[PDB]
Structures are given as C-alpha cells and as structure tokens.
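1. Experimental coordinates for this protein are included below, preceded by the sequence.
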Amino acid sequence: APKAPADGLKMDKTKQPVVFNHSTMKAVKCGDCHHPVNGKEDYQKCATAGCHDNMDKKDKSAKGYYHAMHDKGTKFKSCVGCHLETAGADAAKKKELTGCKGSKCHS
Ligand code: HEM
Ligand code: HEM
Ligand code: HEM
Ligand code: HEM
C-alpha cells in the first residue's frame, strides 16, 4: 500500500499556498481523501490533469480545485467541510480550522 509522505507538504497551485501535514489527520482513513475514482482509491496529486485541474475558484464541477478544498455538501468531505464538523459550535476551533484568514490554513 502507498505510504504517507512527510509532513510539511506544500499545496501551491494558487497564490494562497497551504501546508498539509498527514500526521495531524492520521485518524482519517487514507481513502477518505485519496478517494475512489473508477472504483479505485486514487493517490495522484489532486490537481492532476483530468482531476481537479480547473483553477477558476467559482467552478463547482468535479474539476474545480477550490471547490474540492472549501465547499460543503460534497460527496467526500472537503478540507473545510470536515473541519466544520470537527469544530462544531466551538468558535475558536472554527477560526483555527475554517477561518479564511488567520487560520491554520491561511495566515
Ligand atoms: C493514509 C495512510 C494516506 C496515504 C498512504 C497517503 C498518501 C499520499 C501520497 C502518496 C501523497 C503524495 C502525492 C504526490 O504524488 O505528490 C499524498 C498527498 C496528499 N494527501 Fe495523503 N495519504 C494518506 C492520507 C491522507 C488523508 C487522511 C488526507 C486527507 C485528510 C490526505 C490528503 C492529502 C493531500 C491533500 C495531499 C496533497 C496532494 C496535492 O495534490 O497537493 N491524505 N498522500
Ligand atoms: C486529492 C487529495 C484530492 C482531493 C482533496 C479531492 C477531493 C474531492 C472532493 C471533495 C470531491 C467531491 C466534490 C463534490 O462536489 O461532490 C471530489 C470528487 C471527484 N474527484 Fe477528487 N480529490 C482529490 C483527488 C482526485 C484525483 C487524483 C482525481 C483524478 C484522478 C479526482 C477526481 C474526482 C472526480 C472525477 C470526482 C467525482 C467522483 C464521483 O462523483 O464519484 N480526484 N474530489
Ligand atoms: C484538505 C486538503 C485539508 C487541509 C488543507 C487540512 C489542513 C489542516 C490543518 C492545517 C490542520 C491543523 C493541524 C496542522 O497544522 O496540520 C488540520 C487539522 C485537522 N484536520 Fe485537516 N485539512 C484538510 C482536510 C481534512 C479532512 C478531509 C478532514 C476530515 C475528514 C480533516 C480533519 C482534521 C482534523 C480532525 C484535524 C485536527 C483538529 C484539531 O483541532 O487540531 N482534515 N487540518
Ligand atoms: C474561508 C471560507 C476561506 C476562503 C475564502 C478561502 C479562500 C482561498 C483562496 C482565494 C484560495 C486561492 C484560490 C485561487 O485559485 O486563487 C484558496 C486556496 C486554498 N485553500 Fe482556502 N479559503 C478559506 C479557508 C481555508 C481553510 C480553512 C483551509 C484549510 C482547512 C483552506 C485550504 C485551501 C487550500 C488547500 C488551497 C489551495 C492551496 C494551493 O494549492 O495553492 N482554505 N483559498
């Protein structure tokens, strides 16, 4: 099976780059993020051609990169979607985990 990469991984398709640490989300099963495509968990980079390669942040299609990281109501929880459930009614955790600025994702 594939191995989780080191922490400090750069997501930098955009001008608002974010650091991703596998270790802090080890409680999540790999395939919740590296989700099935054509019946097989896919471990390619999220913005691989044909995947989430549409860099218009308004796009809501299966190619929308921003959509895949930020939106609710998605087939697999997005970064923000899952973090919202974790934070619950805790406003401090909401700021840390879902805030658009001054959060753990965006400074
Ligand atoms: C679980 C044990 C698990 C594995 C295994 C795994 C692997 C993995 C690889 C091999 C990469 C590198 C991809 C590349 O070719 O560059 C990678 C990258 C990302 N991962 Fe992961 N990963 C596992 C678990 C999880 C979990 C639980 C999530 C989500 C909560 C997650 C997310 C990500 C993200 C985001 C990346 C960056 C990919 C990008 O295109 O920027 N992983 N992982
Ligand atoms: C990379 C770690 C990665 C993330 C993050 C990610 C997220 C994601 C979400 C949140 C959805 C649901 C969107 C919705 O509106 O329901 C979603 C859906 C699809 N994705 Fe994805 N995805 C990541 C990686 C990849 C890779 C490597 C590809 C391409 C090989 C890919 C493709 C797709 C497709 C197609 C869907 C829809 C699947 C379905 O509806 O069954 N994703 N992704
Ligand atoms: C999606 C690509 C995604 C990002 C980006 C992301 C980031 C992130 C950060 C920055 C933290 C804080 C800890 C750290 O610095 O590493 C953090 C923490 C938690 N996450 Fe996350 N995360 C992304 C995705 C997801 C998904 C899809 C889930 C759940 C299905 C998830 C969960 C969690 C949990 C739980 C934590 C810890 C909460 C805390 O209070 O520390 N993440 N993530
Ligand atoms: C808060 C709701 C919030 C906003 C708004 C926001 C915006 C935003 C922008 C403008 C981008 C760049 C899009 C582009 O293509 O120009 C971007 C990128 C990423 N984001 Fe974000 N963001 C908000 C919140 C959060 C939170 C809380 C996380 C993490 C849990 C997060 C994550 C990401 C990720 C991942 C990216 C892509 C990074 C890259 O590849 O460069 N955002 N965001």
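-> Structure received. Numbering: from 1, shown residues only. Ligands and ions are numbered 1, 2, ... in the order given.
2. Ligand 4 contacts on this protein?
-> 11-18, 55, 57, 66, 69-70, 79-80, 83, 98-100, 103, 105-106 (CB under 6 Å from any ligand atom). Yep, even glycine has a C-beta here, placed from its N, CA and C like the rest.
3. Of these, keep whichever come out buried.
-> For the residues of the chain next to ligand 4, a burial check counting by 16 or more other CB atoms under 10 Å picks out 11, 13, 18, 66, 69-70, 79-80, 83, 98-99, 103, 105.
4. could I have whatever helix or strand residue 92 lives in exported to PDB, CA atoms only?
-> Using DSSP states H and E, residue 92 sits in helix 91-98. Provided in PDB are the C-alpha atoms of helix 91-98 (Å, rounded to 0.1, in the frame of the first residue of the first chain):
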ATOM      1  CA  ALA A  91     -15.900  29.400  17.600                       C
ATOM      2  CA  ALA A  92     -12.200  29.300  18.500                       C
ATOM      3  CA  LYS A  93     -11.800  26.000  16.600                       C
ATOM      4  CA  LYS A  94     -13.800  27.400  13.800                       C
ATOM      5  CA  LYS A  95     -11.300  30.300  13.500                       C
ATOM      6  CA  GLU A  96      -8.400  27.900  13.600                       C
ATOM      7  CA  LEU A  97      -9.700  25.200  11.300                       C
ATOM      8  CA  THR A  98     -12.200  27.000   8.900                       C
END
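5. That helix and ligand 1 in contact?
-> No. Helix 91-98 does not reach ligand 1 (CB under 6 Å from any ligand atom); its nearest approach is 12.2 Å.
6. Which ones among the residues of the chain next to ligand 4 lie within helices?
-> 66, 69-70, 79-80, 83, 98 (DSSP state H).
7. near ligand 3, which residues of this structure show up?
-> Counting by CB under 6 Å from any ligand atom, the residues of the chain close to ligand 3 are 18, 20-21, 24-25, 28, 32-33, 69, 77, 79, 82-83, 86, 93, 97, 104-105.
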